[PDB]
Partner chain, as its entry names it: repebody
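In structure tokens, the next block holds one chain alone, the form solved without its partner chain.
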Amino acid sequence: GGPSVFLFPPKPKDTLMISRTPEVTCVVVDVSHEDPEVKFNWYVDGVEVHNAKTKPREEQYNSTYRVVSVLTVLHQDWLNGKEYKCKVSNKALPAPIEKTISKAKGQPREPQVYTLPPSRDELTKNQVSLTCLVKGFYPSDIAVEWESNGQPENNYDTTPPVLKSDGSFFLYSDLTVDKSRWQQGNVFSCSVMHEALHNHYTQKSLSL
């Protein structure tokens, strides 16, 4: 009996691209159908902010409501480790609940990006696998794409980051392409977006 608060970070790709909207999301569950009103107060670094958008209530199968408020964050402030505080208040709730999240603490470290050509054994099939290995980056927030001839490349699949024993992360991306295109020596390119890279961006090409 009593509302509970969970505060979630922006998505990594949203934080690293100027055209997307990173946002912190304050979720409140277990709010009574009796008292269904919640008030949110948001503090960036202490300083209160007023442009947060609240969404409408939606009742769960639990017969309790879930109410959410999302706050847009400035790319830079997130990057520079500013604290985003969510205070919630409900009348079926004795004292306000506060939560604070932020960029992952710790020394950022630059990823190494390697491109691996298809295995000789895969040079059997109509389609081959182009591999991008991204290892040794901190924090785990990152974004990987593929391109060729200045155009995006659609069917790649990327693994989630995996924490290596030294405290950094690695992942792999697999872009599968028609072997006709690979055998022509067309140049494919693995794009990596990460806070620790110069201008937050690096490319690594692959062909022969």
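Residue numbers count along the first chain shown, from 1.
A second form of this protein, the form solved in complex with its partner chain, is not displayed here; the remarks below concern that form.
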Even though the partner isn't displayed, in the deposited complex is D45 close enough to its partner chain, meaning a heavy atom within 4.5 Å? yes
Taking any heavy atom pair closer than or equal to 4.5 Å as contact, tell me whether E83 reaches its partner chain in the deposited complex. yes
Just to confirm, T72 within 4.5 Å of its partner chain in the deposited complex by heavy atoms? yes
Exercise: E98 in contact with its partner chain in the deposited complex, heavy atom 4.5 Å: no
Even though the chain is shown alone, can you say which residues of 178 to 205 have a heavy atom within 4.5 Å of its partner chain in the deposited complex? none
